[PDB]
Amino acid sequence: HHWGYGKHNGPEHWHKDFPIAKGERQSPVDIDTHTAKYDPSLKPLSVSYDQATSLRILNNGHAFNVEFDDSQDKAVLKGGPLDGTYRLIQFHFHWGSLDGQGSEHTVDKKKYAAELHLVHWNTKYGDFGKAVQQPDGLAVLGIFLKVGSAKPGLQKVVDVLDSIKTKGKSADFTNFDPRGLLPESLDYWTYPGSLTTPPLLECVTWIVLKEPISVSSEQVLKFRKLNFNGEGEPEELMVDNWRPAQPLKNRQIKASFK
Ligand SMILES: [N]S(=O)(=O)[C][C][C][C][C]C1234B567B89%10B%11%12%13B85%14B%1158B%12%11%15B%139%12B%1061B%12%112C5%153B%14874
Ligand code: NA
Ligand SMILES: [Zn+2]
């Protein structure tokens, strides 16, 4: 009886195995746009993905992860609210059963169809496992998805999903360029938070872009054909793999833009 997204193992149950679920800096949150304060001290975000070497894609039973070789300083996030440099290790998405839900963060209570998370670890801690034990260990770049025009840079990901339908399936996935998943603007909100899945560690500086990307209905429909279950088990479609908004508690959300 491991954690997941169902009636009996979903987000409202997580606190029993992971009591930090009721902690002081949990994610996601609702972004109240009128309460977020413009901070003129915030720097432009620096996203340097030109040398990102994607390696593989994996169905872990919760989402699919596109993994990167993080053994050299290649794909890095810096600037913005961050001190130092953070190395890309993987990205994944959260999405809904319907276009009206799926995002983890919300904007004035609006839910987007999906949310992309590009996960980066602080190089000062040497590896990802050590970084998640630190309050400034990770920087997650969150990008909303809305349904409209196709995102051409997403299609390579969509087209490999048939080969990783079920939990524990993986495939080679080299040469994928994550720059094709970014919106035009790097305007953002930022706040201190947590992983949004168990173990829910309070190690993340969140950077949520204001501008969503558009994906087509066909693209998101292919996400929804994935399975939570393993091969040869009863089919449970991989949908609604999002944690709802958690209490803001004693936090301020800062805006990079006026
Ligand atoms: N949705 S999110 O971007 O907040 C984080 C996604 C998964 C975080 C990665 C880890 B899993 B396994 B161990 B557990 B703990 B260590 B290992 B993988 B990393 C972290 B957790
Ligand atoms: Na609100
Ligand atoms: Zn995530």
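Basis of the calculations
- Residues numbered from 1 in each chain as written, not as in the entry; some residues may be left out.
- Chains lettered and ligands numbered in written order.
- Heavy atoms only, no water.
- Residues with missing side-chain atoms left out of burial classes, pairs and counts.
- Salt bridge = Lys/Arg side-chain N within 4 Å of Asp/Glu carboxyl O.
- Helix = DSSP H or I, 4+ residues; strand = E, 2+ residues; numbered from the N terminus.
- Near = heavy atom within 4 Å.
- Polar contact = N/O pair within 3.5 Å; in protein donor to acceptor, adjacent residues only side chain to side chain.
- Areas by Shrake-Rupley, 256 points an atom, 1.4 Å probe, with all protein chains shown as cover.
- Donors = N, O, S within 2.8 Å, 3.2 Å for Na, K, Ca; no water.
- Buried < 20%, exposed > 50% of the residue type's maximum accessible area, 1.4 Å probe, protein only.
- Tetrahedral: all angles 85-135°; square planar, octahedral: opposite > 155°, others 65-115°.
- Pairing = 2+ DSSP bridges.

- Method of determination, as annotated in the archive: X-ray crystallography, at 1.0500 Å resolution.

Here we look at the pattern of salt bridges
Piece 1. The final tally for this structure, using the stated rule, is six salt bridges.
Piece 2. Between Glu 235 and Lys 165 there is a salt bridge, with its nearest N and O atoms 3.7 Å apart. Here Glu 235, found in the loop between α4 (217–223) and β15 (254–255), pairs with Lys 165, found in the loop between α3 (155–160) and β11 (170–172); they are 70 residues apart in sequence, far enough to count as distant.

Concerning the site of ligand 1
Piece 1. Close to ligand 1 lie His 92, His 94, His 117, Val 119, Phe 128, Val 140, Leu 195, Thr 196, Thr 197, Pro 199 and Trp 206.
Piece 2. Take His 92: an N or O atom from its side chain is 3.2 Å from a nitrogen atom of ligand 1.
Piece 3. The separation between a nitrogen atom of ligand 1 and a polar side-chain atom of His 117 is 3.4 Å.
Piece 4. Here ligand 1 has 490 Å² of accessible area as a free molecule, and 69% of this is covered by the chains.

Details of the coordination of the sodium ion (ligand 2)
Piece 1. Of the protein atoms, only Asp 30 (OD) and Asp 32 (OD) coordinate the sodium ion (ligand 2), at distances of 2.7 to 2.9 Å.
Piece 2. For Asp 30, a relative accessible area of 17% corresponds to the buried category.
Piece 3. Taking relative accessible area as the criterion, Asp 32 reaches 35% and is therefore assigned partly exposed.

Observations regarding the coordination of the zinc ion (ligand 3)
For a metal bound by four donors in a tetrahedral arrangement, the ideal donor-metal-donor angle is 109.5 degrees, while six donors in an octahedral arrangement ideally sit at 90 or 180 degrees.
Piece 1. Bound to the zinc ion (ligand 3) on the protein side are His 92 (NE2), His 94 (NE2) and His 117 (ND1), at distances that span 2.0 Å.
Piece 2. For the zinc ion (ligand 3), the four donor atoms are set out with angles of 98 to 119° between them, so the coordination reads as tetrahedral.
Piece 3. Between consecutive donors of the zinc ion (ligand 3), the numbers of intervening residues give the motif H-x1-H-x22-H. Here the residue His 92 occupies a position in strand β7 (residues 86–95), and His 117 occupies one in strand β9 (residues 114–122), the gap between them amounting to 25 residues. Residue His 92 shares its accessibility class with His 117, and that shared class is buried.

Description of the pairing of strand β12 (residues 188–193)
Piece 1. Summarising burial for β12: five of the six residues are buried, a large majority.
Piece 2. In this sheet, strand β13 (residues 204–209) lies alongside β12 in antiparallel orientation, the contact comprising six bridges. The partner of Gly 193 across the bridge, within β13, is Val 204.
Piece 3. Here β12 pairs with β15 via two bridges, running antiparallel. Within β15, the position partnered with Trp 189 by the bridge is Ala 255.

Some points on unusual backbone geometry
Piece 1. With an omega of 0°, the peptide bond between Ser 27 and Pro 28 qualifies as cis.
Piece 2. Mapped onto the elements of the fold, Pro 28 is located in the loop between α1 (14–17) and β1 (30–31).
Piece 3. For the bond from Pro 198 to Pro 199, the omega torsion is 15°, close enough to zero to count as cis.
Piece 4. With respect to the element layout, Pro 199 can be found in the loop between β12 and β13.
Piece 5. A positive phi angle is found at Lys 109, which is not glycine, with a value near 75°.
Piece 6. In this fold, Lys 109 is placed in the loop between β8 (106–107) and β9.
Piece 7. Judged by its relative accessible area of 65%, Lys 109 falls in the exposed class.
Piece 8. Of note, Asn 175 is a non-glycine position whose phi angle comes to about 65°, a positive value.
Piece 9. Tracing the chain through its elements places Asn 175 in the loop between β11 and β12.

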